[PDB]
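Text of work-v8.pdb, listed as PDB, C-alpha atoms and all ligand atoms:
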ATOM      1  CA  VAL A   3      30.870 155.575  -5.317
ATOM      2  CA  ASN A   4      33.345 158.401  -4.665
ATOM      3  CA  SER A   5      36.610 158.841  -2.746
ATOM      4  CA  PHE A   6      35.413 160.884   0.311
ATOM      5  CA  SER A   7      36.163 158.990   3.561
ATOM      6  CA  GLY A   8      35.199 159.335   7.240
ATOM      7  CA  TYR A   9      32.153 161.491   6.606
ATOM      8  CA  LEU A  10      29.046 161.309   8.751
ATOM      9  CA  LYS A  11      25.889 161.193   6.641
ATOM     10  CA  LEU A  12      23.416 163.894   7.638
ATOM     11  CA  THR A  13      20.812 163.521   4.904
ATOM     12  CA  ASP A  14      20.329 161.888   1.589
ATOM     13  CA  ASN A  15      22.842 164.315   0.045
ATOM     14  CA  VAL A  16      24.755 166.144   2.837
ATOM     15  CA  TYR A  17      27.822 164.709   4.617
ATOM     16  CA  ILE A  18      30.052 166.292   7.304
ATOM     17  CA  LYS A  19      33.580 165.691   8.598
ATOM     18  CA  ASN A  20      35.967 167.354  11.031
ATOM     19  CA  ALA A  21      38.723 168.152   8.557
ATOM     20  CA  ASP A  22      40.982 170.856   7.178
ATOM     21  CA  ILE A  23      39.489 171.595   3.749
ATOM     22  CA  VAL A  24      42.998 172.235   2.385
ATOM     23  CA  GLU A  25      44.254 168.829   3.486
ATOM     24  CA  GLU A  26      41.011 167.236   2.475
ATOM     25  CA  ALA A  27      41.299 168.805  -0.994
ATOM     26  CA  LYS A  28      44.925 167.789  -1.506
ATOM     27  CA  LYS A  29      44.066 164.150  -0.717
ATOM     28  CA  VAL A  30      40.786 163.792  -2.522
ATOM     29  CA  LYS A  31      41.467 166.094  -5.584
ATOM     30  CA  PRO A  32      37.723 166.622  -5.855
ATOM     31  CA  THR A  33      36.142 167.874  -9.058
ATOM     32  CA  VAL A  34      34.966 170.973  -7.146
ATOM     33  CA  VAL A  35      36.249 172.628  -3.976
ATOM     34  CA  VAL A  36      34.194 175.583  -2.714
ATOM     35  CA  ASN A  37      35.950 178.732  -1.542
ATOM     36  CA  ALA A  38      34.384 181.097   0.989
ATOM     37  CA  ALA A  39      35.066 184.117  -1.202
ATOM     38  CA  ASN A  40      34.334 187.815  -0.997
ATOM     39  CA  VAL A  41      33.094 189.886  -3.936
ATOM     40  CA  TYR A  42      36.633 191.103  -4.737
ATOM     41  CA  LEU A  43      38.144 187.596  -4.640
ATOM     42  CA  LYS A  44      40.681 188.960  -2.140
ATOM     43  CA  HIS A  45      41.757 185.749  -0.426
ATOM     44  CA  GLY A  46      43.256 187.114   2.762
ATOM     45  CA  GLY A  47      42.094 184.898   5.599
ATOM     46  CA  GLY A  48      39.740 182.223   6.774
ATOM     47  CA  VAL A  49      39.115 179.418   4.318
ATOM     48  CA  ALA A  50      40.036 181.641   1.357
ATOM     49  CA  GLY A  51      43.386 182.681   2.781
ATOM     50  CA  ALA A  52      44.188 179.079   3.569
ATOM     51  CA  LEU A  53      43.180 177.728   0.132
ATOM     52  CA  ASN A  54      45.096 180.497  -1.606
ATOM     53  CA  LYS A  55      48.228 179.886   0.501
ATOM     54  CA  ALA A  56      48.089 176.200  -0.442
ATOM     55  CA  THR A  57      48.180 177.234  -4.145
ATOM     56  CA  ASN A  58      51.327 179.342  -3.559
ATOM     57  CA  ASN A  59      49.209 182.451  -4.404
ATOM     58  CA  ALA A  60      48.259 181.162  -7.872
ATOM     59  CA  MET A  61      44.588 181.352  -6.863
ATOM     60  CA  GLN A  62      45.020 185.073  -6.094
ATOM     61  CA  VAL A  63      46.834 185.756  -9.382
ATOM     62  CA  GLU A  64      44.052 184.070 -11.366
ATOM     63  CA  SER A  65      41.412 185.861  -9.290
ATOM     64  CA  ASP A  66      42.928 189.304  -9.869
ATOM     65  CA  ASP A  67      42.781 188.727 -13.631
ATOM     66  CA  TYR A  68      39.138 187.582 -13.297
ATOM     67  CA  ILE A  69      38.157 190.753 -11.401
ATOM     68  CA  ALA A  70      40.086 193.018 -13.789
ATOM     69  CA  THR A  71      38.029 191.564 -16.661
ATOM     70  CA  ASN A  72      34.615 191.042 -15.038
ATOM     71  CA  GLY A  73      34.362 193.273 -11.966
ATOM     72  CA  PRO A  74      33.238 192.101  -8.545
ATOM     73  CA  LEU A  75      30.881 189.254  -7.825
ATOM     74  CA  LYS A  76      27.486 189.754  -6.171
ATOM     75  CA  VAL A  77      26.899 188.761  -2.566
ATOM     76  CA  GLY A  78      25.119 185.435  -3.007
ATOM     77  CA  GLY A  79      26.914 184.858  -6.316
ATOM     78  CA  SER A  80      29.769 182.695  -7.546
ATOM     79  CA  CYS A  81      32.269 182.013 -10.275
ATOM     80  CA  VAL A  82      34.122 178.886 -11.404
ATOM     81  CA  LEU A  83      37.899 179.188 -11.648
ATOM     82  CA  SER A  84      40.776 176.717 -11.578
ATOM     83  CA  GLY A  85      41.251 174.388  -8.625
ATOM     84  CA  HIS A  86      45.042 174.605  -9.078
ATOM     85  CA  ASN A  87      46.773 171.838  -7.063
ATOM     86  CA  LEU A  88      43.701 171.285  -4.844
ATOM     87  CA  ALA A  89      40.840 170.271  -7.194
ATOM     88  CA  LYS A  90      39.837 170.367 -10.850
ATOM     89  CA  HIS A  91      37.760 173.516 -10.245
ATOM     90  CA  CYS A  92      37.244 176.023  -7.456
ATOM     91  CA  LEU A  93      33.720 177.375  -7.053
ATOM     92  CA  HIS A  94      34.195 180.780  -5.398
ATOM     93  CA  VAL A  95      30.929 181.463  -3.531
ATOM     94  CA  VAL A  96      30.155 184.737  -1.717
ATOM     95  CA  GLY A  97      28.071 184.248   1.392
ATOM     96  CA  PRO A  98      26.915 187.362   3.262
ATOM     97  CA  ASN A  99      29.442 188.721   5.756
ATOM     98  CA  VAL A 100      27.548 189.631   8.947
ATOM     99  CA  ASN A 101      30.612 191.602  10.064
ATOM    100  CA  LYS A 102      29.831 193.824   7.037
ATOM    101  CA  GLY A 103      26.084 194.012   7.751
ATOM    102  CA  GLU A 104      25.067 191.976   4.690
ATOM    103  CA  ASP A 105      21.594 190.373   4.659
ATOM    104  CA  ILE A 106      21.636 186.850   5.994
ATOM    105  CA  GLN A 107      18.772 185.823   3.701
ATOM    106  CA  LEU A 108      21.387 185.970   0.925
ATOM    107  CA  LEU A 109      22.846 182.802   2.444
ATOM    108  CA  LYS A 110      20.209 180.690   0.672
ATOM    109  CA  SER A 111      21.095 182.302  -2.677
ATOM    110  CA  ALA A 112      24.772 181.555  -1.992
ATOM    111  CA  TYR A 113      24.085 177.854  -1.363
ATOM    112  CA  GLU A 114      21.952 177.646  -4.546
ATOM    113  CA  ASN A 115      25.207 177.924  -6.526
ATOM    114  CA  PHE A 116      26.143 174.461  -5.248
ATOM    115  CA  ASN A 117      23.228 172.934  -7.207
ATOM    116  CA  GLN A 118      25.086 173.555 -10.475
ATOM    117  CA  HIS A 119      27.641 170.861  -9.465
ATOM    118  CA  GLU A 120      26.917 167.178  -8.892
ATOM    119  CA  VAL A 121      29.500 166.734  -6.090
ATOM    120  CA  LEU A 122      31.387 169.334  -4.014
ATOM    121  CA  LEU A 123      33.822 169.603  -1.117
ATOM    122  CA  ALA A 124      32.838 172.694   0.810
ATOM    123  CA  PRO A 125      32.981 174.754   3.976
ATOM    124  CA  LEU A 126      29.933 176.094   5.737
ATOM    125  CA  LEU A 127      29.122 179.352   3.969
ATOM    126  CA  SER A 128      29.190 182.552   6.009
ATOM    127  CA  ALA A 129      30.738 180.676   8.989
ATOM    128  CA  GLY A 130      34.064 181.517  10.618
ATOM    129  CA  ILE A 131      35.206 185.088  10.000
ATOM    130  CA  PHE A 132      32.047 185.800   7.976
ATOM    131  CA  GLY A 133      30.236 185.961  11.299
ATOM    132  CA  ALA A 134      27.103 183.848  10.782
ATOM    133  CA  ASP A 135      25.920 181.083  13.100
ATOM    134  CA  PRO A 136      27.335 177.818  11.664
ATOM    135  CA  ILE A 137      24.295 175.880  12.925
ATOM    136  CA  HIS A 138      22.026 178.223  10.859
ATOM    137  CA  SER A 139      24.398 177.855   7.915
ATOM    138  CA  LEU A 140      24.172 174.060   8.151
ATOM    139  CA  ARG A 141      20.362 174.246   8.241
ATOM    140  CA  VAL A 142      20.259 176.441   5.121
ATOM    141  CA  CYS A 143      22.720 174.099   3.404
ATOM    142  CA  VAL A 144      20.570 171.029   4.088
ATOM    143  CA  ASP A 145      17.384 172.843   3.056
ATOM    144  CA  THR A 146      18.868 174.335  -0.158
ATOM    145  CA  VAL A 147      21.525 172.067  -1.669
ATOM    146  CA  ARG A 148      20.194 169.053  -3.564
ATOM    147  CA  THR A 149      23.514 167.873  -5.032
ATOM    148  CA  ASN A 150      26.046 165.858  -3.038
ATOM    149  CA  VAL A 151      27.970 168.064  -0.630
ATOM    150  CA  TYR A 152      30.856 167.023   1.638
ATOM    151  CA  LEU A 153      31.250 169.648   4.385
ATOM    152  CA  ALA A 154      34.659 170.069   5.986
ATOM    153  CA  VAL A 155      34.554 171.691   9.427
ATOM    154  CA  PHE A 156      37.987 172.739  10.690
ATOM    155  CA  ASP A 157      37.123 173.125  14.390
ATOM    156  CA  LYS A 158      36.539 169.826  16.210
ATOM    157  CA  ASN A 159      34.511 171.508  18.955
ATOM    158  CA  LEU A 160      32.251 173.098  16.352
ATOM    159  CA  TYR A 161      31.948 169.857  14.396
ATOM    160  CA  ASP A 162      30.710 168.192  17.611
ATOM    161  CA  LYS A 163      28.171 170.849  18.260
ATOM    162  CA  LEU A 164      26.874 170.889  14.716
ATOM    163  CA  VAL A 165      26.357 167.104  14.799
ATOM    164  CA  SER A 166      24.831 167.013  18.285
ATOM    165  CA  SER A 167      22.345 169.828  17.534
ATOM    166  CA  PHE A 168      21.382 168.676  14.024
ATOM    167  CA  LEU A 169      17.665 168.120  13.498
TER     168      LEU A 169
HETATM  169  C1  LIG A 201      34.013 177.932   9.243
HETATM  170  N1  LIG A 201      35.440 177.667   9.107
HETATM  171  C2  LIG A 201      36.164 177.298  10.299
HETATM  172  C3  LIG A 201      35.654 175.900  10.640
HETATM  173  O1  LIG A 201      35.402 175.091   9.704
HETATM  174  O2  LIG A 201      35.464 175.567  11.838
HETATM  175  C4  LIG A 201      36.121 177.730   7.828
HETATM  176  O3  LIG A 201      35.526 178.030   6.846
HETATM  177  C5  LIG A 201      37.613 177.435   7.715
HETATM  178  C6  LIG A 201      38.056 176.203   7.273
HETATM  179  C7  LIG A 201      39.423 176.002   7.184
HETATM  180  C8  LIG A 201      40.298 177.048   7.541
HETATM  181  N2  LIG A 201      41.836 176.893   7.466
HETATM  182  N3  LIG A 201      42.203 178.277   7.959
HETATM  183  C9  LIG A 201      40.970 178.909   8.196
HETATM  184  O4  LIG A 201      40.919 180.025   8.594
HETATM  185  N4  LIG A 201      39.855 178.178   7.950
HETATM  186  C10 LIG A 201      38.535 178.405   8.049
END
Before we go any further, please render this structure as structure tokens.
Ligand SMILES: CN(CC(=O)O)C(=O)c1ccc2[nH][nH]c(=O)[n+]2c1
Amino acid sequence: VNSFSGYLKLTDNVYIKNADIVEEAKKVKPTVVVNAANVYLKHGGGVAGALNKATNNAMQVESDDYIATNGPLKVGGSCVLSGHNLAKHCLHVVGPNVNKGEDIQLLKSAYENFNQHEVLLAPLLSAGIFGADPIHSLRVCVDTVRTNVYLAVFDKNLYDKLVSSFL
């Protein structure tokens, strides 16, 4: 038993809710919140901008130190950093950005990072400003992640379409 509430169960291990991941994180304090990161951990907009703003920019400060030490992530890769006031940990995961021409097949590799964590609160990778089809992203999620994932979908209209079209 865990503290996530109001989720629709899609599969044995994947759940989905129309929610703001920031507000969801501040209420649940999950062990892991996933950020839709880029390779530079520059949290300017989308989910990343929103999560970082909710940390009063502490996420960005920590991220800049991480990059200064380690260099950029790989597309499809991840790193674990602090969750600040939102979660114990933040798993920063880089899905391919279609608006940068990155290969969509890397989306499966991105979701594989979730399997290193038993339970996660997450957005749909490569959705929103990353330019992928959220229905495809949901399919890859279900077909790749084996651990327990709670997907927060900000847009109610999109949440309805994702549910209604789910196979
Ligand atoms: C795919 N999407 C949008 C969605 O879930 O429909 C996201 O990843 C997302 C979630 C929350 C959020 N707050 N501000 C944002 O830009 N933003 C973006």
Just want the 6 Å neighbourhood of range 82-99 of chain A, counted on all atoms listed in the file, with same-chain residues fewer than 6 positions away dropped. Output as a list in words.
residues 27, 28, 31, 32, 33, 34, 35, 36, 37, 38, 39, 40, 106, 109, 112, 127, 128 and 132 of chain A
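The set of residues that the PyMOL selection byres (((chain A and resi 76) around 9) and not hetatm) takes from this file is residues 40, 41, 74, 75, 77, 78, 79, 80 and 96 of chain A.
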Just give me the gap between CA of residue 102 in chain A and CA of residue 146 in chain A in Å, one decimal is fine.
23.5 Å
To test the calculation: enclose all listed atoms of range 103-110 of chain A in a box whose edges run along x, y and z, add 4 Å on each side, then state centre and edge lengths in Å to one decimal, as JSON.
{"center_x": 22.4, "center_y": 187.4, "center_z": 4.2, "size_x": 15.3, "size_y": 21.3, "size_z": 15.1}
Please give me, as a ChimeraX atom specification, the residues lying within 8 Å of ligand LIG 201 (chain A) when counting all atoms listed in the file.
/A:20-24,38,47-53,125-131,136,154-158,160-161
Evaluate the PyMOL selection byres (((chain A and resi 3-8) around 9) and not hetatm) here and jot the selected residues down as a PyMOL selection string.
chain A and resi 9-10+18-20+26+30+32+123+152
Considering all atoms listed in the file, can you say which of A:116, A:57, A:122, A:133 comes closest to residue 103 in chain A?
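Nearest to residue 103 in chain A: A:133.
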Reference answer for the PyMOL selection byres (((chain A and resi 147) around 7) and not hetatm), as an mmCIF file with C-alpha atoms, in the coordinates of the input:
data_model
loop_
_atom_site.group_PDB
_atom_site.id
_atom_site.type_symbol
_atom_site.label_atom_id
_atom_site.label_comp_id
_atom_site.auth_asym_id
_atom_site.auth_seq_id
_atom_site.Cartn_x
_atom_site.Cartn_y
_atom_site.Cartn_z
ATOM 1 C CA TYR A 113 24.085 177.854 -1.363
ATOM 2 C CA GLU A 114 21.952 177.646 -4.546
ATOM 3 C CA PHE A 116 26.143 174.461 -5.248
ATOM 4 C CA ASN A 117 23.228 172.934 -7.207
ATOM 5 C CA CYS A 143 22.720 174.099 3.404
ATOM 6 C CA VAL A 144 20.570 171.029 4.088
ATOM 7 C CA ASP A 145 17.384 172.843 3.056
ATOM 8 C CA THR A 146 18.868 174.335 -0.158
ATOM 9 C CA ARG A 148 20.194 169.053 -3.564
ATOM 10 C CA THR A 149 23.514 167.873 -5.032
#
CA of residue 104 in chain A to CA of residue 151 in chain A, straight-line distance in Å
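CA of residue 151 in chain A sits 24.7 Å away from CA of residue 104 in chain A.
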For the atom pair CA of residue 111 in chain A and CA of residue 67 in chain A, what is the interatomic distance in Å to one decimal place?
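Spanning CA of residue 111 in chain A to CA of residue 67 in chain A is a straight-line distance of 25.1 Å.
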With only C-alpha atoms as the basis for distance, which of A:101, A:65, A:58, A:13 is at the shortest distance from residue 141 in chain A?
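Answer, going by the shortest atom-to-atom distance: A:13.
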